[PDB]
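The data below hold one chain only, encoded as C-alpha cells and taken in the form deposited in one PDB entry.
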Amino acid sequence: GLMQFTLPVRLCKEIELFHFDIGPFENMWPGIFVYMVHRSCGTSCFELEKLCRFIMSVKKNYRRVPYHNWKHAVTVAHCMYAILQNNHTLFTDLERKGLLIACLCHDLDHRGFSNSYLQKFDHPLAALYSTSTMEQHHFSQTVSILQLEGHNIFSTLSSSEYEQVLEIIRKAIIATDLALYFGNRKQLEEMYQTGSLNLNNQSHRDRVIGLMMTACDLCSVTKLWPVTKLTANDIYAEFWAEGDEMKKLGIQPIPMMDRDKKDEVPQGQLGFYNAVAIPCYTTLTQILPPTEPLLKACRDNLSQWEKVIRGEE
C-alpha cells in the first residue's frame, strides 16, 4: 500500500522527458514500468502482487528478436507515459490504466516478421486473421495472459469498466498496424483543419488514441541521434532476415529489406521520416500541443540522416 518505486536521481529526472532511453539493464525495466504506472495512474490502480505477475508473464512472451523485443515494449510504454504526463486532464482514469498496458502488450510474441511475410509464407495466423494479422495475435496474447490465475490486474473494475478497458486496449493494439495509420492520420488532419475535431466524440478519441499509439510505437525516431542510429541497426537486422526469408520463398524483397542493398538505407530512412514519422508527430502536435518535443526530436533526426547521405557522417 505505502510501497513506492523510486529511481536513482538521474532516471527520476530523465524519465519525465520524451527522449529518455530506458538503459541496457533489463532487470530495471519492470521497476521503471511500475514507477510509470504509479505516477501516471496511482499506487491503487493495480494490486502490486498481480501487476508484478502480469509484467513478468508479458516479458516471458516477448521473444529474443533484434527489435520487436521486451525492450521495445517498455520503450513504447515510456513514450505513452510521457504523452499522458504532459496532457494530465485530457484522459480518463480507465484510459491511463489501459494505454500503458496496451503499449507493454502491443507486440506480444512478435517473431520479427511483417504481416506481408506471414501472408506470403501462408502462416496459420494469416488464415485466422486476414488483416492486422500480428496485431490481432498480440491482443489475443494479452487476453490469454490476463486470464492466467493471479494475473487479472483489472479484477477490481466493475463489469462495464472491465469491458471498456479491454476495448480501449483492443483498439490501441490494432492501431499499431502501420497500414491503418495513413487513413487514421488523414482523417484526423481533416477533422482538425475543418474544426470538427471533438474529444467528447468517442470515435474521435479512438482515432486520437490510435495516433498516440503510432507515435509511441515509432518513438525510436524521436530519441537523441546515437539511440536513433543504433536502434535503426536492430530494426534493419529484422528487415534483412525477412528479406532473406522472402528469397527462400522465391520472391525478391523490396530493396529496404535486401541486405545486398545496405547503401540504400539512409535514403530509405528519409522516405520513412517524410512519408510516416514527420506527418505522424505533426498531426499529434496539432491535436496535443505539449507533445511538440517529439516533432522537434524527429526533425533533428531527419537532418542527421540528411547528413549521413551528404557524406558528413
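Shifts are known only where both forms have a C-alpha. By rigid core we mean the largest C-alpha set that fits within 1.5 Å across both forms. Position 1 is the first residue in the sequence shown; the rest follow in order.
Novice: Taking the mean of the C-alpha B-factors per stretch from the entry, tell me the winner out of 59 to 67 and 44 to 52.
Specialist: Per the PDB entry, the higher value belongs to 44 to 52.
Novice: Test of understanding: from the entry's C-alpha B-factors, which stretch has the higher mean, 103 to 111 or 156 to 164?
Specialist: Going by the record's values, the stretch with the higher mean is 156 to 164.
Novice: Between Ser132, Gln141, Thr89, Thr214, which one tops the list for Cα B-factor in this entry?
Specialist: Max CA B-factor in the entry, restricted to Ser132, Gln141, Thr89, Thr214: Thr89.
Novice: Out of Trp225, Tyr192, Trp240, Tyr81, whose C-alpha atom has the biggest B factor in the entry?
Specialist: Across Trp225, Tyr192, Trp240, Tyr81, the entry lists the biggest C-alpha B-factor for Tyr192.
Novice: Tell me, lowest, middle or highest third: where does the Cα B factor of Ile251 rank within its chain?
Specialist: Its C-alpha B-factor belongs to the highest third of this chain's values.
Novice: Among the modelled residues of this chain, does the Cα B factor of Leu94 put it in the lowest, middle or highest third?
Specialist: Its C-alpha B-factor, which the entry lists for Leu94, ranks in the highest third among residues of this chain.
Novice: Sorting the chain's CA B-factors, does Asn200 end up in the lowest, middle or highest third?
Specialist: Its C-alpha B-factor, which the entry lists for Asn200, ranks in the highest third among residues of this chain.
Novice: Please rank the C-alpha B-factors of the chain's modelled residues and tell me whether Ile32 sits in the lowest, middle or highest third.
Specialist: Bottom third by C-alpha B-factor.
Novice: Lowest, middle or highest third: where is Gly268 by C-alpha B factor in its chain?
Specialist: For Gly268, whose C-alpha B-factor we compare with every modelled residue in the chain, the answer is the highest third.
FYI, the form deposited in another entry isn't displayed, but the following is about it.
Novice: Comparing between the shown form and the other one on the rigid core: C-alpha of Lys60 shifted by 2 Å or more?
Specialist: Superposed on the core, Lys60 moves its C-alpha less than 2 Å between the shown form and the other one.
Novice: Once you overlay the rigid core, does the Cα of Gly23 travel 2 Å or further between the shown form and the other one?
Specialist: Yes, the C-alpha moves 2 Å or more.
Novice: Core aligned, does the CA of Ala275 move at least 2 Å between the shown form and the other one?
Specialist: No; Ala275 is a residue whose C-alpha shifts by less than 2 Å between the shown form and the other one when the cores are overlaid.
Novice: Once the rigid core is superposed, list every run of three or more consecutive common residues with all C-alpha shifts of 2 angstroms or more between the shown form and the other one, in sequence order.
Specialist: Core-superposed, displaced stretches are 1 to 7, 23 to 27, 248 to 251.
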